[PDB]
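S.K.: Just dropping this structure here.
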Amino acid sequence: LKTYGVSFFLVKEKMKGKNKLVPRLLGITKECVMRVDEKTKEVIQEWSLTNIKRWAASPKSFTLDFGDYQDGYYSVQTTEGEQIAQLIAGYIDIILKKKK
Amino acid sequence: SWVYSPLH
């Protein structure tokens, strides 16, 4: 089920320094987030919703932090970086609500 | 400002 109930978002990434951008799909699961390529539409990475420490949504890009400075933050271009934060900020309330 | 999550 590398794509069942998971909402994918077309976000663009900034390669090394290419003035260009690289499209990418981001799957948001109810308990995890995944990096899905827009080129192969395949899952490139998987993350736990309990790993995200914080985020910052702006009318241009979305940023998330796994709390692992070493890993570094992960930000990409998103015209709806807000919804991605509302959809995410929304799953975090549904997983913690059933944990009570 | 930033924003956090209840996940303590």
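S.K.: Provide the per-residue ³J(HN,Hα) series for segment A:22-32, in order, calculated from phi with Karplus coefficients 6.51, -1.76, 1.60 and θ = phi - 60°, each as a whole number of Hz, with x at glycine and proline positions.
M.R.: 10, x, 8, 9, 10, x, 9, 8, 6, 9, 5
S.K.: Using unit Cβ charges (K, R positive; D, E negative) and no other charged atoms, how large, in debye to the nearest 20, is the dipole of chain A about its Cα centre?
M.R.: For this selection, approximately 60 debye.
S.K.: I would also like to ask the following. Would you mind calculating the gained length between A:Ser61 and A:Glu42 on full extension (0.36 nm times residue separation, minus the Cα-Cα distance), in nm to one decimal?
M.R.: That pair, A:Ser61 and A:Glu42, stretches by 4.6 nm at full extension.
S.K.: Add +1 for every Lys or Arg and -1 for every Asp or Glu among the other residues with Cβ under 14 Å from the Cβ of A:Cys32, and state the total.
M.R.: Residues close to A:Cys32 contribute a combined charge of +1.
S.K.: Taking DSSP loops as anything outside H, G, I, E and B, show the longest stretch in chain A free of GluC sites (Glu not before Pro) there with at most 13 other beta carbons within 10 Å.
M.R.: A:43-100
S.K.: How would you order A:22-29, A:1-8 from highest to lowest mean count of nearby Cβ atoms within 10 Å?
M.R.: Averaged packing, sorted descending, gives the order A:22-29, A:1-8.
S.K.: Here is a follow-up. If the reach is capped at under 18 angstrom between alpha carbons, list the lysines near A:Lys12, excluding any in the same chain fewer than eight residues apart.
M.R.: Within the straight-line limit of under 18 Å, A:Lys12 reaches these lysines: A:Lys20, A:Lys39, A:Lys41, A:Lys60.
S.K.: Loop only by DSSP, 15 or fewer other Cβ within 10 Å of the Cβ. Give me the trypsin sites (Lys or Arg not before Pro) in segment A:35-65 that pass, ordered by residue number.
M.R.: Filter output for segment A:35-65: A:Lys39, A:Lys41, A:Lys53, A:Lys60.
S.K.: If you plug each phi of segment A:50-56 into the Karplus form 6.51 cos²θ - 1.76 cosθ + 1.60 with θ = phi - 60°, what whole-Hz ³J(HN,Hα) values come out, in order, with x for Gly and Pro?
M.R.: Each residue's phi maps through the Karplus curve to give 7, 8, 4, 8, 8, 7, 8 Hz.
S.K.: Would you mind checking the tilt of helix A:81-99 against the longest principal axis of the Cα atoms of chain A, expressed as 0 to 90 degrees and rounded to 10?
M.R.: Helix A:81-99 and the main axis of chain A meet at about 30 degrees.
S.K.: Could you give P(r) for chain A, binned at 5 Å from zero, as whole percent values over all Cα-Cα pairs?
M.R.: 3, 13, 22, 26, 21, 10, 3, 1, 0, 0
Every number here is computed from the coordinates shown, using simple stated rules; none is lab data. Every residue, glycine among them, receives a Cβ derived from its backbone with ideal geometry; neighbour counts consider all protein chains shown.
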